[PDB]
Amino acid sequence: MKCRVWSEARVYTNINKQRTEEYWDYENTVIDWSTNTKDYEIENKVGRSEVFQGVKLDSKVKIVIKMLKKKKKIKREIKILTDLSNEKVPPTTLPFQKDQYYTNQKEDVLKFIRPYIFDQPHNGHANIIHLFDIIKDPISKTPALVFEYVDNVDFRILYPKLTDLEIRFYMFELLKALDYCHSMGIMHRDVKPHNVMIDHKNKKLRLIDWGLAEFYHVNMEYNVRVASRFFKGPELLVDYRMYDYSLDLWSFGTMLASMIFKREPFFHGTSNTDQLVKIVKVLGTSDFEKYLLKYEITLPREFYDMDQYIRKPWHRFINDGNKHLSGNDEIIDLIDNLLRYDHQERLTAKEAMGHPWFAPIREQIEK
């Protein structure tokens, strides 16, 4: 055990004690690869694995084919995708039970319970991309995953078009997706715009790319070489291995800050080490030191001691180009409560969905 001070998820702590090996033991599965002799026609490349849009030959429905180049990780991705899509009664559709939600009973962790929370059933399960098939090329034998197709527009093209209310709408959809996967005992670990497909005309959002996702097990020390540099939480950068779902809320917050302040990426590190320095230059060294002390973290071998930086208030990122998005107190408070060094302090997905910034979206739900 690397960690000196141990940490547990504030919410959804015991999902993978509630659920058994049949649910989370991906090592002990055997993949039934289906040779693609007649099922899927590959058309054009949509991104990059290498990812193609194709067609189901029977129904003529568009699908996505993700060509894989990592055997254990493939089994994990498949188990996660199937666990998420196959759950008959998603937990997030049932009536809210606060005592089954706030499951970590440290006194110091209960102070982070917010006075607001979204306490209603929701359809976040429907925002998880669906895996349709597991195939091999009939000639090359290369393995691939077949998915639901989304008519996406790249975030760099789409996001500048979105109004304040539209950003609120889609970020609420993303939180619903994260609340669902967390309720299922899964951390996405690579939340970023490239992994969020949006079909704007249909107001459709799907969280994709579950290849870094992992099952949350209490006091497990995880690999910190996950996420993507610009969205990596401080826990990854300082090698605090006993992290949880709250990693995804950091990534969410970074994505949100980028959208609201029109600064992409928001924390633009030139290296792994510099990524942390870029975060500290905003959140400040004082709270950084308090965080290292709380968990008794020693920085990884690449790091000199952190220099002293005074916190940069969020309002300093406001300009005439972004004030239509950043010029209210609610968004600043939301961002501030997501981008915290201490993962325990961050809003959970339900708490974030309850935040005042989402009031206009919540008011339109009931029909």
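Note that residue numbering follows the sequence shown and begins at 1. Rigid core: the largest C-alpha set superposing within 1.5 Å between the two forms.
Comparing 168-176 with 138-146 in 4 other deposited structures of this protein, after superposition on the rigid core, the stretch with the greater RMS C-alpha deviation is 138-146. In terms of root mean square C-alpha deviation after superposing on the rigid core in 4 other deposited structures of this protein, the stretch standing farther out between 293-301 and 106-114 is 293-301. In the deposited entry, the stretch joining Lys69 to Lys70 is interrupted by 1 to 3 residues of the deposited sequence lacking coordinates.
Missing coordinates between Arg48 and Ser49 amount to 1 to 3 residues of the deposited sequence. Note on 113-121 vs 195-203: mean CA B-factor is higher in 113-121. Annotation for 71-79 versus 181-189: the higher mean temperature factor (C-alpha) is found in 71-79.
Of the candidates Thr254, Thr270, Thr93, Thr163, the PDB record gives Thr270 the highest C-alpha temperature factor. Looking at the C-alpha B-factors along this chain, the one for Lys232 belongs to the middle third. Annotation for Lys98: CA B-factor lies in the middle third of the chain's modelled residues. Ranked by Cα temperature factor within the chain, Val226 sits in the highest third according to the deposited record. Split the chain's modelled residues into thirds by C-alpha temperature factor. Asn127 is in the lowest one. Per the PDB record, residue ranking by Cα B-factor puts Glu173 in the lowest third of the chain.
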